[PDB]
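J.: What follows is a structure written as structure tokens; I'll ask about it next.
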Amino acid sequence: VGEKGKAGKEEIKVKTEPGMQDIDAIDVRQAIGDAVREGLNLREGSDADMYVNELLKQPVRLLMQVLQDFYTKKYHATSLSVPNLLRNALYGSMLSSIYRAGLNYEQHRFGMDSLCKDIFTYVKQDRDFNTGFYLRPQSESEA
Amino acid sequence: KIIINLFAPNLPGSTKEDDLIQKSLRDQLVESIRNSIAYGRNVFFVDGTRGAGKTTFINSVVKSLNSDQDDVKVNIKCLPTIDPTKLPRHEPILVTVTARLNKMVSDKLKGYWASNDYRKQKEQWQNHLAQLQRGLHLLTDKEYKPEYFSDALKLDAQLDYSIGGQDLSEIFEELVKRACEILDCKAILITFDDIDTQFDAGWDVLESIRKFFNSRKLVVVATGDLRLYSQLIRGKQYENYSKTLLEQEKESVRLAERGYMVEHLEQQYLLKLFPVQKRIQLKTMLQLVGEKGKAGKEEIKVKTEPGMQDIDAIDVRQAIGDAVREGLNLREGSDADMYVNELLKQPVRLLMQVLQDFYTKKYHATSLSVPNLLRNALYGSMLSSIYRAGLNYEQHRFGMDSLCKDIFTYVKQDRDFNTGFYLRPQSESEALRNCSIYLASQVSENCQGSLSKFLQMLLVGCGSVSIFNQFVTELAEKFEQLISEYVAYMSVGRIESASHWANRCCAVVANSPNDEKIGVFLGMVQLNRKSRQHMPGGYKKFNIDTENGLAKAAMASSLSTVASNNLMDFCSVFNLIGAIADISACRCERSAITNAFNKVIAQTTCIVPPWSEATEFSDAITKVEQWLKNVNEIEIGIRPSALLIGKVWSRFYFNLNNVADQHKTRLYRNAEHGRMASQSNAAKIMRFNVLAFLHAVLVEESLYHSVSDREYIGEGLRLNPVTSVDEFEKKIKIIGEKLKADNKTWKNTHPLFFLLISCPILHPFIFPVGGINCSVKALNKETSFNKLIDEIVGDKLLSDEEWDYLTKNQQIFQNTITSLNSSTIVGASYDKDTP
Amino acid sequence: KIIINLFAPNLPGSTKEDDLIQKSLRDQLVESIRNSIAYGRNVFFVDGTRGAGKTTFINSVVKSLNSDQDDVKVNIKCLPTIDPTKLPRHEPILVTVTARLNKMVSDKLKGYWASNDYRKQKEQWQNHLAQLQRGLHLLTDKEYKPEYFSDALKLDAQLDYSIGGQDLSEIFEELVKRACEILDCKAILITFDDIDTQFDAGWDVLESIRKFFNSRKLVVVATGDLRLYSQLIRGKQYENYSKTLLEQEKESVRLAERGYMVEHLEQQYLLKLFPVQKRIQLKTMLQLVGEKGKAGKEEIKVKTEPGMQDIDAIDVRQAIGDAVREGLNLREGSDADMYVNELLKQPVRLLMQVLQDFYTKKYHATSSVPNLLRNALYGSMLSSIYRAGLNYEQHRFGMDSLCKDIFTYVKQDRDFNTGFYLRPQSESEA
Amino acid sequence: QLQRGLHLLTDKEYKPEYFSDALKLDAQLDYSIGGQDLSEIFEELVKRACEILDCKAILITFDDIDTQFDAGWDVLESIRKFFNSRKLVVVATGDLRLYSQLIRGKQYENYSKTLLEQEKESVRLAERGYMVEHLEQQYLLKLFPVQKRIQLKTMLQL
Ligand SMILES: Nc1ncnc2c1ncn2[C@@H]1O[C@H](COP(=O)(O)OP(=O)(O)OP(=O)(O)O)[C@@H](O)[C@H]1O
């Protein structure tokens with residue numbers, strides 16, 4: 001798909017709602033973009049596309065199941081809390097990375113006792129106490 | 001409407017409808033299962049930790065699917081749930097599935113009547129089974145026989161399999177297809193139970209699912225914990241590495257890259273088997289019933305009594321609330337509901353066994369000691385956590401001595417030396433979190449119904465860890481040796497008496513030589529045992545014989561000497577409190593009360609800790625005997641918690657820090673007979689040391705004592721009295737009228753403060769002759785202070801002429817201290833005077 | 001109220017009435033056992049860290065349930081107590097349970113005289129016995145043989161196995177169900193003894209309870225140190241982890257999460273096997289009689305002299321206080337109660353033997369009191385004397401022997417300041 | 001009958017074909033439990049031998065295991081299993097530190113080797129040592145009661 005603009009060999013379009021046609025489909029980069037800027041409460045810019053490019057590098061099996069989970073719960077729930085849907089979608093796909101990093105994984109701990117502790121463990125492994133707490137995808141490890 | 005009957009067996013097998021905790025997910029999974037067929041491997045994963053109710057969940061799913069299977073558009077037949085742990089250790093899963101599939105098919109043939117169709121579809125079934133038996137060795141073979149090549153090259157069948165060879169998945173795939181034709185179903189459900197009991201045998205479940213269960217006629221529902229399957233999958237990708245490569249490349253650079261590869265093959269092995277869009281997370285009991293403000297997504301009710309009506313059944317959070325609040329002697333609020341929330345986040349089996357054990361014995365006890373019921377209920381459930389964390393486990397030794405040791409050995413692992421004695425469920429580890437609610441039940445059980453055990457837990461239990469957060473922690477395996485020495489020196493866990501703890505507690509605050517060398521400490525003041533020159537004013541070496549009656553008794557209970565290169569002598573408030581903790585334990589007999597004043601005064605030798613470089617007395621006994629009469633009838637209605645004892649120590653410790661340093665300066669020449677707030681002496685420091693304890697008890701009694709639901713201090717800044725009395729006077733004044741407003745007495749709402757403010761041991765320390773802040777207008781506060789105290793206890797502490805001597809600028813004092821002001825404090829320079 | 005005569009042949013078995021201390025707890029457990037079968041895994045744990053007379057309590061339950069079958073609404077036939085540490089190293093517990101179930105059932109068949117169901121049920125009984133023999137290889141097989149697959153598909157069973165295949169837990173539960181009908185009872189009781197001697201053999205007990213003894217006509221009473229089952233279960237969950245993973249992921253973060261995972265598997269294994277509401281704690285004498293601060297939940301009296309009557313009896317707290325105060329030459333007070341409380345925390349069979357060794361010998365002397373208590377303790381407390389390293393040779397007693405022991409006591413007690421008081425404030429039970 | 005049940009002592013695995021042998025109930029046995037209990041068959045041998053030999057008891061005498069103390073485990077296991085009869089008296093010699101050396105070695109063999117390798121922290125390692133030490137005493141005090149032990153005197157004591 002490439003960067004913004006055409007910038008790519010293949011024009012991949014994706015359908016995010018049942019009953020949709022081949023004409024009103026959305027770009028795969030944009031579909032990741034909408035799920036990221038709405039899910040992470042971000043605006044359009046370099047930071048949003050930094051997550052989008054990181055998500056695009058992910059394996060297609062991991063990438064589709066993020067898209068499949070996000071856009072199948074979204075349609076059913078709304079026939080909102082968009083960050084909740086993305087959190088559940090990223091919980092399953094990145095689960096093996098969450099387990100390795102030592103992050104809290106019990107779904108009943110999802111407050112800030114887990115969260116405020118979670119980013120301290122993450123930054124500790126990132127070995128970057130300066131810019132670690134932005135939670136940027138700037139690490140050198142896939143986990 | 002979900003009602004759980006605690007007196008029912010409550011087992012996964014013996015759980016009918018109308019009490020399924022997971023009723024929203026049971027319906028959601030079943031419709032999602034039918035949707036998949038009505039529209040490739042089809043695997044649904046029901047996630048959840050151990051004890052979440054995964055067996056109870058699938059057991060309901062099969063029940064809700066086998067009912068009206070033919071009465072719905074999509075017919076799905078379900079095999080009996082396969083438990084991977086209970087199967088033979090070497091029996092292949094494909095064998096178990098086929099064996100359970102054969103029974104379902106054969107039972108259907110016996111239901112047919114047309115022998116032509118019966119025989120037509122039975123020869124095929126027997127042919128497929130006989131072909132599965134022929135190729136079954138492909139799984140259970142440790143080598144490949146050369147004569148099996150003929151089997152792969154045989155085409156003597158009408159099957160005409162797509163791919164060549166003796167593919168076992170292909171044989172099973174048409175075997176399922178034949179079974180669906182016979183059973184007249186569009187799909188077949190293969191439910192797999194969890195592997196949590198023995199997870200090494202769950203690998204065969206995983207491999208079988210991805211190899212033989214790829215058909216469109218098969219629906220696979222497997223439960224368990226993905227945290228547990230990940231360790232199983234990760235440990236099997238490590239077996240794909242040659243042992244020689246692992247041995248020859250043990251250095252970090254290549255070892256870390258292999259670990260990155262294994263976590264990156266594990267990640268997609270789970271994503272291949274259990275797709276994220278099909279996983280279902282089992283909701284813990286907290287997420288169903290919700291919090292007080294958040295809407296409860298479900299409605300769980302509990303039948304806490306046999307024969308209880310459906311309407312009579314109470315809410316589960318209330319049922320846990322009753323057990324937690326009454327069991328821990330804790331009042332409605334944030335602290336009580338913090339324990340309730342933690343019990344809800346527990347695994348369902350653990351939580352449903354705390355309630356089952358508590359309410360079974362609670363009803364049986366009546367046919368009370370509710371904290372005893374919860375202590376036993378939590379002991380059994382959290383026993384695995386108690387063993388792991390090293391707490392006391394024998395039940396014949398439960399007591400105050402075996403509890404204060406547990407509190408110290410808990411905060412040491414918790415590393416929360418500032419608030420660990422609160423015993424809140426805040427520790428990150430689940431083992432320490434589980435012990436927190438069990439320890440809180442231990443504290444609320446032993447200290448309940450007795451004032452003596454309340455003060456022992458206050459000093460020995462809560463205090464010992466604070467006397468470690470300071471004065472011992474600067475010396476820090478060495479830390480575990482420091483712990484070993486400190487608990488052996490102070491003899492926590494085997495204390496002879498509360499007073500004996502205080503004398504040892506005196507040395508540790510003393511064997512830490514403070515700056516400025518002044519012998520004024522946290523809650524204890526050093527006094528000279530020798531006389532020299534250079535002493536101005538009336539200051540003199542302390543002499544016990546000067547005091548009379550209670551005045552002599554009050555110091556005798558407070559004086560504590562430690563044997564060193566020179567015999568230090570101290571007058572602490574811990575000794576005074578420890579003396580109170582000793583008198584309350586004994587009986588109202590006069591003989592036992594006398595020994596309480598004489599357990600330490602002249603028969604102890606407090607050697608310094610190893611971590612160091614080097615008659616009218618009968619009237620006094622009568623007052624204590626009268627007070628002990630009050631204690632034995634008032635302390636029977638006391639409900640102290642681990643939070644209250646932890647809180648009461650916290651304020652009492654903070655005040656002793658303020659009065660320690662705010663009086664380290666005001667030790668000037670004219671400080672004797674101190675009347676302004678800028679002059680202080682041994683009678684000033686000890687007065688506010690004692691008044692600190694009477695305040696910490698007072699302020700957080702109404703705040704936290706379970707006997708009075710309401711709050712009687714009201715709303716305001718809860719400042720504590722240091723070098724003053726208005727802070728204590730403001731609260732004690734405003735509390736009095738509220739009880740008159742509510743038609744309640746001082747003794748049935750604040751029993752702790754009523755007992756300690758009426759204790760004759762500390763009465764001489766409330767109004768010492770040296771310690772009186774009789775200012776131009778502040779004397780009115782103390783005049784009111786005396787009036788309020790005289791009314792609370794019901795007896796006038798000081799007579800009209802007795803009071804006037806303290807305020808107005810001889811007289812003999814049988815109820816107040818006399819010579820404490822004249823005492824010389826070690827390390828004090830009596831050369832600079834008050835400006 | 002229990003009243004014990006100290007002049008008797010001292011038979012732990014002949015004790016049936018007015019002499020068994022734990023009757024109050026035994027009746028409650030037996031009633032709980034009967035109530036648990038009215039409505040399913042029924043596993044009862046008789047807990048205790050050390051001593052307390054475990055084997056006699058479960059045997060007393062067997063006697064209470066083997067007798068009085070006519071009066072009770074539900075009658076329970078009890079297998080003889082199974083000692084897991086006194087069995088062949090490879091014999092499964094399922095074989096041991098069935099063999100003792102066969103012995104009970106076959107002996108009942110000889111009791112039949114109506115020779116119509118005598119051979120009708122016996123023929124059915126041997127059908128289940130032989131079928132369990134056929135499927136017994138599933139517990140001892142070191143590999144799976146394809147020839148077994150034909151056996152698992154044999155659907156000629158007349159007893160209608162609901163779930164297909166050879167499931168021993170399904171075969172055994174029908175074997176028990178037939179056994180209950182033959183014995184004219186319900187809910188056969190299986191009792192297990194302690195595994196203290198060799199707790200490696202207790203894992204087969206645990207795996208057999210959860211797998212084969214899950215029937216609703218089966219109630220299990222287990223005994224032993226529950227702290228020792230925890231070490232048994234926890235060590236078996238580490239076996240699930242592959243040896244390659246353990247020796248490759250050796251980081252502290254990876255090792256901690258592996259231990260924490262097993263901390264949770266072990267925790268739920270005990271809760272599933274031994275439910276908290278079903279665990280039974282053997283009450284000590286101090287709890288039964290009270291601390292003398294207030295009235296106790298039970299009153300127990302002792303016949304110090306031969307010929308004492310019902311009213312001519314004193315409380316154990318007084319009988320112990322009489323021995324301690326006279327034996328230790330102690331005055332009545334707080335320090336004398338420090339010894340009676342510890343003497344009341346001891347196992348009952350140990351405690352009443354000290355009383356018998358003291359009071360009865362005090363009679364024969366009448367026909368020094370301190371040596372009578374010393375002799376009474378030495379007879380029954382000798383195990384701790386040897387363990388701590390004190391002087392056990394009775395001919396060598398003296399101040400030279402005594403003062404050496406007292407310095408040896410304070411050396412182990414780690415307290416030289418107040419060690420020479422000899423107050424039972426130590427930590428070790430010895 | 002004892003020879004029939006001797007395979008239980010020496011078997012590397014349980015053989016299902018002996019299950020039918022454990023169900024061969026007999027009338028002359030009058031055994032309390034019929035699960036082919038070797039400790040019960042041997043008790044009848046001792047009871048019968050006393051009748052034949054006209055003795056009130058039988059003294060089983062064991063020497064010491066100083067030369068090879070591995071062989072002492074079979075002595076301890078046999079004593080506590082088969083030599084519990086009232087008509088049997090057992091006298092065993094040997095260093096009690098050597099016999100305690102045996103049991104402590106065998107009590108550690110009950111622990112799974114994986115548990116010992118993985119849980120090597122001092123907080124858990126010391127807890128195991130407290131338990132194994134507790135297990136060897138209860139094993140020793142139940143095999144050789146303290147009131148029956150006899151200590152040989154040296155020259156100084158003589
Ligand atoms: N719907 C329910 N109604 C009542 N009690 C329940 C329910 N679900 C769970 N419980 C309680 O929780 C316990 C755990 O049940 P279950 O056996 O399903 O859990 P699990 O640990 O996930 O399964 P497994 O036994 O297969 O390891 C039950 O024994 C019961 O006490």
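By convention here, the chains of the structure tokens are called A, B, ... in the order presented, each chain's residues are numbered starting at 1, and ligands are numbered starting at 1 in the order presented.
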Which neighbours of residue 392 (chain B) fall inside 10 Å, counting only C-alpha atoms, when residues of the same chain fewer than 5 positions from it are skipped, and could you give them as a list in words?
T.: residues 386, 387, 397, 398, 402, 403, 405, 406 and 409 of chain B
J.: Produce a file of the selected residues containing N, CA and C atoms, as an mmCIF file, in the first residue's frame.
T.:
data_model
loop_
_atom_site.group_PDB
_atom_site.id
_atom_site.type_symbol
_atom_site.label_atom_id
_atom_site.label_comp_id
_atom_site.auth_asym_id
_atom_site.auth_seq_id
_atom_site.Cartn_x
_atom_site.Cartn_y
_atom_site.Cartn_z
ATOM 1 N N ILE B 386 -0.920 -18.687 52.214
ATOM 2 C CA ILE B 386 -0.285 -18.617 53.526
ATOM 3 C C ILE B 386 0.986 -19.456 53.547
ATOM 4 N N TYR B 387 0.930 -20.659 52.970
ATOM 5 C CA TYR B 387 2.118 -21.505 52.898
ATOM 6 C C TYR B 387 3.217 -20.846 52.075
ATOM 7 N N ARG B 397 -1.897 -22.860 67.570
ATOM 8 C CA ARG B 397 -1.037 -21.784 68.045
ATOM 9 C C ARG B 397 -1.548 -20.400 67.669
ATOM 10 N N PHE B 398 -2.739 -20.299 67.081
ATOM 11 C CA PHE B 398 -3.299 -18.987 66.781
ATOM 12 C C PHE B 398 -3.463 -18.170 68.054
ATOM 13 N N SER B 402 1.413 -15.352 67.913
ATOM 14 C CA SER B 402 1.582 -15.884 66.568
ATOM 15 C C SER B 402 0.991 -14.982 65.495
ATOM 16 N N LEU B 403 0.414 -13.843 65.876
ATOM 17 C CA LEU B 403 -0.131 -12.883 64.926
ATOM 18 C C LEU B 403 0.814 -11.713 64.686
ATOM 19 N N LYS B 405 3.936 -11.738 64.929
ATOM 20 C CA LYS B 405 5.006 -12.260 64.087
ATOM 21 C C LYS B 405 4.584 -12.288 62.623
ATOM 22 N N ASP B 406 3.322 -12.638 62.357
ATOM 23 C CA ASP B 406 2.834 -12.685 60.982
ATOM 24 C C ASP B 406 2.803 -11.298 60.352
ATOM 25 N N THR B 409 6.368 -10.477 59.375
ATOM 26 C CA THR B 409 6.847 -11.276 58.255
ATOM 27 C C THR B 409 6.037 -11.056 56.986
#
J.: For chain C, which residues have at least one atom within 10 Å of chain A, if we go by only C-alpha atoms? Write them as a list in words, please.
T.: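 Within 10 Å of chain A on chain C, we get residues 253, 254 and 257 of chain C.
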J.: Taking only C-alpha atoms and all ligand atoms into account, which residues are within 9 Å of ligand 1, as a PyMOL selection string?
T.: (chain B and resi 2-6+9-23+48-60+83+193-197+223-224+347-353+356) or (chain C and resi 268-269+271-272)
J.: Near chain B, meaning an atom within 7 Å, which residues of chain C appear when counting only C-alpha atoms? Write them as a ChimeraX atom specification.
T.: /C:40,49,138-139,143-144,146,149,152-153,163-165,211,240-242,244-245,265,267-269,276-277,345,425-426
J.: Can I get the selected residues back with N, CA and C atoms, as a CSV table (one decimal), in the first residue's frame?
T.:
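Result file result.csv:
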chain,number,residue,atom,x,y,z
C,40,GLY,N,-20.9,-35.2,41.6
C,40,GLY,CA,-20.8,-34.8,43.0
C,40,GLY,C,-19.7,-35.5,43.7
C,49,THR,N,-1.5,-30.5,61.7
C,49,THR,CA,-0.1,-30.4,61.4
C,49,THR,C,0.8,-31.5,61.9
C,138,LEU,N,-5.0,-49.1,31.0
C,138,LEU,CA,-4.9,-47.7,30.7
C,138,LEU,C,-4.2,-46.9,31.7
C,139,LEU,N,-4.1,-47.5,33.0
C,139,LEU,CA,-3.3,-46.8,34.0
C,139,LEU,C,-1.9,-47.3,34.1
C,143,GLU,N,2.8,-47.0,26.6
C,143,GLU,CA,2.5,-46.6,25.3
C,143,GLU,C,1.1,-47.0,24.8
C,144,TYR,N,0.7,-46.5,23.7
C,144,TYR,CA,-0.7,-46.9,23.2
C,144,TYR,C,-0.5,-47.9,22.0
C,146,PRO,N,-2.3,-49.8,18.8
C,146,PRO,CA,-3.5,-49.6,17.9
C,146,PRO,C,-4.5,-50.7,18.2
C,149,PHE,N,-7.7,-49.7,20.0
C,149,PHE,CA,-8.8,-49.0,19.4
C,149,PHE,C,-10.0,-49.8,19.1
C,152,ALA,N,-12.0,-50.1,22.3
C,152,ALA,CA,-12.7,-48.9,22.7
C,152,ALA,C,-14.0,-48.8,21.9
C,153,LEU,N,-14.2,-49.5,20.8
C,153,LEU,CA,-15.4,-49.4,20.0
C,153,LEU,C,-16.4,-50.5,20.2
C,163,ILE,N,-21.1,-42.4,27.5
C,163,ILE,CA,-20.0,-41.9,26.7
C,163,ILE,C,-19.1,-43.0,26.1
C,164,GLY,N,-18.7,-42.9,24.9
C,164,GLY,CA,-18.0,-44.0,24.2
C,164,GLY,C,-16.6,-44.2,24.7
C,165,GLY,N,-15.9,-45.2,24.3
C,165,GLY,CA,-14.6,-45.5,24.7
C,165,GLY,C,-14.5,-46.3,26.0
C,211,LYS,N,-10.3,-38.4,39.6
C,211,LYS,CA,-10.6,-39.0,38.4
C,211,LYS,C,-11.7,-40.1,38.5
C,240,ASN,N,5.1,-30.5,34.3
C,240,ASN,CA,4.4,-30.2,33.0
C,240,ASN,C,5.3,-29.4,32.1
C,241,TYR,N,6.1,-28.4,32.7
C,241,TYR,CA,6.9,-27.6,31.9
C,241,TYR,C,8.0,-28.5,31.2
C,242,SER,N,8.3,-28.3,29.9
C,242,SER,CA,9.3,-29.0,29.2
C,242,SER,C,10.7,-28.7,29.8
C,244,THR,N,13.4,-28.5,28.2
C,244,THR,CA,14.1,-27.6,27.4
C,244,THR,C,13.7,-26.1,27.7
C,245,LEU,N,12.4,-25.9,27.9
C,245,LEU,CA,12.0,-24.5,28.2
C,245,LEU,C,12.6,-24.0,29.6
C,265,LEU,N,-2.1,-22.8,39.9
C,265,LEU,CA,-2.5,-24.2,39.6
C,265,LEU,C,-2.5,-25.0,40.9
C,267,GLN,N,-2.9,-23.8,43.9
C,267,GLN,CA,-3.9,-23.2,44.8
C,267,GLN,C,-5.3,-23.8,44.4
C,268,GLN,N,-5.6,-23.9,43.2
C,268,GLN,CA,-6.9,-24.4,42.7
C,268,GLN,C,-7.0,-25.9,42.8
C,269,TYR,N,-5.9,-26.6,42.8
C,269,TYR,CA,-5.9,-28.1,43.0
C,269,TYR,C,-6.4,-28.5,44.4
C,276,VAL,N,-13.0,-26.3,51.2
C,276,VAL,CA,-12.8,-25.6,52.5
C,276,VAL,C,-14.0,-26.0,53.4
C,277,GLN,N,-15.2,-26.0,53.0
C,277,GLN,CA,-16.3,-26.3,53.8
C,277,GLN,C,-16.4,-27.7,54.3
C,345,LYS,N,-2.7,-27.9,74.9
C,345,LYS,CA,-2.5,-27.9,73.5
C,345,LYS,C,-1.9,-29.1,72.9
C,425,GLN,N,7.8,-20.5,76.1
C,425,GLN,CA,7.6,-19.4,75.1
C,425,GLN,C,8.5,-19.7,73.9
C,426,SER,N,9.0,-20.9,73.7
C,426,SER,CA,9.8,-21.2,72.5
C,426,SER,C,8.9,-21.3,71.3
J.: Can you tell me how far CA of residue 809 (chain B) sits from CA of residue 763 (chain B), in Å to one decimal?
T.: 22.3 Å
J.: Quick one: residues within 12 Å of residue 75 (chain D), only C-alpha atoms, excluding same-chain residues fewer than 2 positions away - as an NGL selection string?
T.: :D and (60-65 or 69-73 or 77-83 or 90-94 or 99 or 102-103 or 143)
J.: Give the residues of chain A that lie within 10 Å of chain B; count only C-alpha atoms, and format the answer as a VMD selection string.
T.: chain A and resid 59 61 to 62 64 to 73 88 to 97 99 to 100 105 to 109 113 to 114 117 141 to 143
